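Structural overview for review
Next come the chains, spelled out residue by residue.
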Amino acid sequence: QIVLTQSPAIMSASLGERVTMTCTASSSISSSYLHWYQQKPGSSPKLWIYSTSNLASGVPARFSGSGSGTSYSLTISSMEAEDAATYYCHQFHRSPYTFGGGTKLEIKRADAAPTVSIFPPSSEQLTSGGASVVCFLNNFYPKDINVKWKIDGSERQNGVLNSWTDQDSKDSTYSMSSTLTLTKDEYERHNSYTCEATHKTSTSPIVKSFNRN
Amino acid sequence: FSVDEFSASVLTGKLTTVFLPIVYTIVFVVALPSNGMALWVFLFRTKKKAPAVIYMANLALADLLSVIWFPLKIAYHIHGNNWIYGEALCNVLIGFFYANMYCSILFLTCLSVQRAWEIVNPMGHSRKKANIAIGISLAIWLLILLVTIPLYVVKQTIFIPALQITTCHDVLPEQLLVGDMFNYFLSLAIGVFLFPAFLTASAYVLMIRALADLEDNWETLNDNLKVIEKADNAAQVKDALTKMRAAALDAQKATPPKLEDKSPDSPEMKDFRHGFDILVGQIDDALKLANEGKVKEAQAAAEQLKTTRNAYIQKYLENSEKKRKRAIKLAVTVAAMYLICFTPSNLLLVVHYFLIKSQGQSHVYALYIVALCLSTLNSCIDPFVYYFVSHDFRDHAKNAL
Amino acid sequence: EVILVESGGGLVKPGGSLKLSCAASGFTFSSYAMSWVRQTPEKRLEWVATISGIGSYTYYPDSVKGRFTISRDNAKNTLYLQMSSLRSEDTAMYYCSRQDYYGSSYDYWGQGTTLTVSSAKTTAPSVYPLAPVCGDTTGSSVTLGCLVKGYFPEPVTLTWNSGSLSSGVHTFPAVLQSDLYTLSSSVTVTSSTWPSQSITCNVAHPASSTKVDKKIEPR
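All residue numbers refer to a per-chain count from 1 along the written sequence rather than necessarily to the numbering of the entry. Residues that lack coordinates are not shown. Each chain is given a letter, starting from A, and each ligand a number, starting from 1, according to the order in which they appear as written. Calculation of side-chain values draws on the structure's entire complement of heavy atoms; hydrogens and water are dropped beforehand.

In the PDB header, X-ray crystallography is given as the technique by which the entry was determined, and 4.00 Å as its resolution.

Turning to the overall build of chain C, a few remarks are in order. In terms of regular secondary structure, chain C is built from zero helices and 19 strands. We take the radius of gyration over the C-alpha atoms and set the globule estimate at 2.2 Å times the residue count to the 0.38 power. Computed over its C-alpha atoms, the radius of gyration of chain C comes to 23 Å, more than 25% above the 17 Å expected for a compact globule of 219 residues. Across its three principal axes, chain C shows a C-alpha extent of roughly 75 × 40 × 25 Å. The cut-offs for exposure are 20% and 50% of the maximum accessible area for each residue type, with area from a 1.4 Å probe on protein chains only; residues under the lower value are buried, those over the upper are exposed, and the others partly exposed. For chain C, the proportion of its 219 residues judged to be buried stands at 51%. The contacts in chain C between residues at least 6 apart in sequence include a share of 59% that link residues at least 24 apart. A total accessible area of about 10100 Å² is found for chain C, and carbon and sulfur atoms account for 47% of it. Only DSSP runs of H or I with at least four residues qualify as helices, and only runs of E with at least two residues qualify as strands; both kinds are numbered from the N terminus onward. Should any heavy atoms of two residues lie within 4.5 Å, those residues are considered in contact. Accessible surface area values rest on a Shrake-Rupley calculation with a 1.4 Å probe, where residue burial reflects the displayed protein chains alone.

So, on to the domain arrangement of chain A. Residues and elements named next belong to chain A. Start and end points for every domain follow an automatic or database-based domain assignment. By the assigned domains, chain A splits into domain 1 (1-109) and domain 2 (110-212). Centre-to-centre, using C-alpha coordinates, domain 1 lies 36 Å away from domain 2. By buried area we mean how much accessible surface two parts lose on assembly, using a 1.4 Å probe and totalling the loss over both. Summed over both sides, the interface between domain 1 and domain 2 buries roughly 750 Å², with carbon and sulfur atoms accounting for 45% of that surface. Broken down residue by residue, the surface that domain 1 buries against domain 2 is led by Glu 106, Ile 107 and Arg 109, which jointly contribute 72%.

Two descriptors summarise a pair of aromatic rings, namely the distance from one centre to the other and the angle between the planes of the rings. Centre distance within 6.5 Å is the pairing criterion for rings of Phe, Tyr and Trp, where only the six-membered ring of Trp is used; planes under 30 degrees apart are then read as stacked, over 60 as edge-to-face, and the remainder as tilted. This model, assessed by the stated rule, comprises 42 aromatic pairs over all chains. Aromatic pair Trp 83 of chain B and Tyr 85 of chain B: ring centres 5.0 Å apart, planes at 65°, arrangement edge-to-face. Among the aromatic side chains, those forming a connected cluster through ring pairs are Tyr 37, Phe 92, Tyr 97 and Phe 99 of chain A, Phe 1 of chain B together with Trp 47, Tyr 59, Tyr 95, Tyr 106 and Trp 109 of chain C.

For patches, a residue must show more than 30% relative accessible area and have no salt bridge; joins then use 9 Å for like charges and 5 Å for nonpolar side chains, namely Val, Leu, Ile, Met, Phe, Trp and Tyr. Basic side-chain nitrogens of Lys or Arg form a salt bridge, by our definition, when they fall within 4 Å of a carboxyl oxygen of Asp or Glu. A cluster of nonpolar residues, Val 18, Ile 22, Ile 26, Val 29 and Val 30 of chain B, forms a patch on the protein surface that exposes about 420 Å² of accessible area. For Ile 22 of chain B, the position within the fold is in helix α2 (residues 14-44).

Turning to the interface of chain A and chain B, a few remarks are in order. Each side of the interface is counted separately: chain A has eleven residues, and chain B has nine residues. In this assembly, chain A packs against chain B so that about 770 Å² is buried in total across both faces, 48% of it on carbon and sulfur atoms. Considering only the surface of chain A that becomes buried against chain B, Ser 30, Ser 32 and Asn 54 of chain A emerge as the three largest contributors, covering 36% of it. Distance and chemistry together define a polar contact, namely a pair of N or O atoms within 3.5 Å, with one atom able to donate a hydrogen and the other to accept it when in protein, and with adjacent residues in sequence counting only for side-chain atoms on both sides. Our count for the contact surface shared by chain A and chain B stands at four residue pairs in polar contact. In the side of chain A that touches chain B, the residues fall into four nonpolar, seven polar and no charged. Side-chain classes are defined by residue name, with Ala, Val, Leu, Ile, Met, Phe, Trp, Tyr, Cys and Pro counting as nonpolar, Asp, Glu, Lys and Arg as charged, and the others, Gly among them, as polar.

Turning to the nonpolar core, a few remarks are in order. Residues and elements named next belong to chain B. By size, the foremost hydrophobic cluster in this structure holds 135 residues, and its most contacted members are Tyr 102 and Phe 185. Setting aside its immediate chain neighbours within four residues, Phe 185 contacts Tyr 98, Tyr 102, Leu 151, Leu 349, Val 350 and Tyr 353. We call a set of buried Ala, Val, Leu, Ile, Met, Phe, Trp, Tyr and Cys residues a nonpolar core when their side-chain atoms join them within 4.5 Å. If you look at the next biggest cluster of nonpolar residues, it comprises 28 residues, including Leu 225, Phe 272, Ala 286 and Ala 302.

Moving on, we come to the sheet that holds strand β3 (residues 19-29) of chain A. Residue and element names in this part refer to chain A. We treat two strands as partners when DSSP finds at least two bridges between them. In spatial order, the strands read β1-β3-β6; together these three strands make up an open sheet with antiparallel pairing. In this open sheet, the two strands that pair with only one neighbour each are β1 (4-7) and β6 (66-76). Neighbour-to-neighbour, the strand axes of the sheet open up by a mean angle of 20°, direction not taken into account. Across four bridges, β1 lies against β3 in antiparallel orientation. Bridging across to β3, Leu 4 finds its partner in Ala 25. Interaxial angle, 0 to 180 degrees, is taken between N-to-C directions of lines fitted to C-alpha atoms, where a helix line uses only the stretch in contact.

All names here are of chain C. Splitting chain C by domain gives domain 1 (1-120) and domain 2 (121-219). On a C-alpha basis, the centroid separation for the pair domain 1 and domain 2 is 36 Å. Between domain 1 and domain 2, the residue contacts involve five residues of the former and six residues of the latter. Across the domain 1 to domain 2 interface the summed buried area is about 390 Å²; carbon plus sulfur atoms make up 64%. A per-residue breakdown of the area domain 1 buries against domain 2 is headed by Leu 11, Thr 116 and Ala 120, which together make up 84% of the total. At the junction of domain 1 with domain 2, the criterion picks out zero salt bridges. One can count one residue pair in polar contact joining domain 1 with domain 2. Split into classes, the residues belonging to the side of domain 1 that touches domain 2 amount to two nonpolar, three polar and no charged.

Quick look at the state of the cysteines now. By definition, disulfides here are pairs of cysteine sulfur atoms that lie within 2.5 Å. Summed over all chains, the structure comprises three disulfides over all chains. The disulfide that involves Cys 90 of chain B links it to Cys 168 of chain B, with 2.0 Å between the sulfurs. Taking the torsion about the sulfur-sulfur bond, which here is approximately 100°, the covalent link between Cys 90 of chain B and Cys 168 of chain B counts as right-handed. Taken as a pair, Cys 90 of chain B in helix α5 (residues 87-120) and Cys 168 of chain B in strand β2 (residues 165-168) lie far apart in primary sequence, 78 residues in all. Summarising the burial analysis for this pair, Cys 90 of chain B and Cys 168 of chain B share the class buried. Between the sulfur atoms of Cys 22 of chain C and its disulfide mate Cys 96 of chain C the distance is 2.0 Å. The S-S bond linking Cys 22 of chain C to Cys 96 of chain C shows a torsion near -85°; that makes this disulfide left-handed. In this pair, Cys 22 of chain C is assigned in strand β4 (residues 21-25) and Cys 96 of chain C in strand β10 (residues 93-99), connecting sequence segments 74 residues apart. Residue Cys 22 of chain C is classed as buried on the basis of its relative accessible area of 0%. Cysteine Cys 103 of chain B is unpaired, with the sulfur of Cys 110 of chain B as its nearest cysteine sulfur at 9.9 Å. Residue classification places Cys 103 of chain B among the buried positions, given a relative accessible area of 0%.

Let us now look at the environment of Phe 63 of chain A. Residue and element names in this part refer to chain A. Relative to the elements of secondary structure, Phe 63 occurs in the loop between β5 (46-49) and β6. Assessed through its relative accessible area of 1%, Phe 63 is described here as buried. Residues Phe 63 and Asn 146 lie 83 residues apart in sequence; the distance between their C-alpha atoms is 35 Å. In this structure, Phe 63 is in contact with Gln 38, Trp 48, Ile 49, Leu 55, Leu 74, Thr 75, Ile 76, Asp 83 and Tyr 87, ignoring residues within four places of it in sequence.

Put into structure tokens, the structure is as follows:
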């Protein structure tokens, strides 16, 4: 049971860069046993570099894996848009045949400010039962973001539901959606609903809040 | 735990379980008694004890020390490549296999060079040259014992669950040592294969040519003799006698084939040179008549030269053309041994471990196996070597059959 | 050249039995070794079982061994993987792979099959139209939202106005919480776009067979 650690687990790189990603092992593995795999969301992880250096059929010349023993690494001479996928290192030296963590490769672009837009619970939802306060954060860079739910200044941890999206194919921007679940009886007892959104673009978070009636 | 599919098919195929044990069985039946008798002849029937005999004795010894283990080698393959005799006993077979592989090349280089050296620049210390050749053999034996250490000391057996067999040599138990294995067999393929092959080939280059030069001197002697009997002018007789003299003096310096291992100081060797002293003296008798002015009288002395040539010369220089033919057949024998046993093995040994180092598997695995199998044929070709070199081996070879 | 497809999966009751079929084409099935590799919801790959091409030669890791039974069929050219005493840890995407050599590993992969091991009942999705607040329409770009809460199992077909628009549309993936998936989707449209014409959301569930279309209204 050899443990394969992939450093880094997530990395941003602009087009035309010398991209390098390492795969570290607990014990010594033969250079004939470490194989690389490329995985695009939805699709199966297909073979890329077999036995640390040798390239598979249909794999571009820009890829040239190097490393033996304990240190192993995937090297890309020229970074491209299609390269944006998760990379896994596999070993067949000792059972169980363990897989790597996964180096998520993403396109490095200009840092964008999140466009925070709050939504009050639907009248159809309120009459039927519950009341969910949905807040959207669209187009921002990098993936590093943190949202905060506050009811009349008081921090709320209960009912907070968070969903995240991967890098876009058109402009490579990230998006986040936050939902605050409450009941009909507890929603009426409050007046204001605050929502703070910390980002690397500015020290003062983008706040979008609404007042009842 | 589980090898690649290509290896697993070979390890269950008829190539290893049927073809190999048959070829190995043949080698056992053929090589064991042939080298067994050859070793006996070199020790208890050869009373010459020349450096050539010593090299051939170790060659036969290298053969024997490997073929004796073949009954366990044959049984191994018949039972689907499964070793049940122990790790130590596996490493024994592996050791003696590669030992005969490399001893054969080195002892062939010694033998070929030695025999070529006795023609170009012969010496006269048959007792000392023998002691030297023994020491060289001990040096070779110990150098190989030391070079085969990374084959003796490493784990060479592995149990394959999917195949339910224990492979010896055929599967590398530690795939992390491929890097070391590659360089190792690449070192041997250069220093213990190519380098001795270069010295072996060029040895026959000098040997054959010199044995064709002895043929040239005999040819020039018979060609110029025919010219004198057909010539008319004094200039044609004077030059042909000077050319016939030069060829006769060079042929006297060379060693005759009937008395091979006979020292240059022996009475048999003195008889060959005695016939030349009567011949050279007769050329001098002809030149004296030619220098004075007697042309028809030079011409009559050539008839006396044919009498000495048919009595003393056509008895010793009688079978020098038969000696040339033996050297050629020897060069053919050796070349076939390199073409079949040495070249396919050493080349693929590098190729095999190169692919395992690069991809973790080699498609030449089947060729690697066939190569290693055909390499054992050298001990079947080795008796042909003794036949063309040893004169005593021929007697025991002919009398037996 | 070589293509593989996985069949089975779906919603399975924890502590049961299921079969997964892997179809093969373009090569000689007996001439190559086969294997199954799973991928957890956290996108982390894990080895399950590898079967030798010669015959019935099975081997599983300690955590998998004793439950999973990898079945091979050379005559039918279809690879099987039967399970027993299923756990909630088994909730993963099971991929089929062809192992050519140990040093070549899995050169050809399948497509994957979704396995959701849960006892949670088939719940119908609830669609709620979300719109900008009172009198705030004084913007260059107006964002519109939708929420699909309380549905099991995944996935759901969400398209704004029967897939007529995709510009500035971000469909967020569902996160499992209290045995009920929660989905959200944002659409950014021009000031003159809404509320000029009806910007409705089309939501469809395949397991429960429910198709709901909600009209987004400012009040």
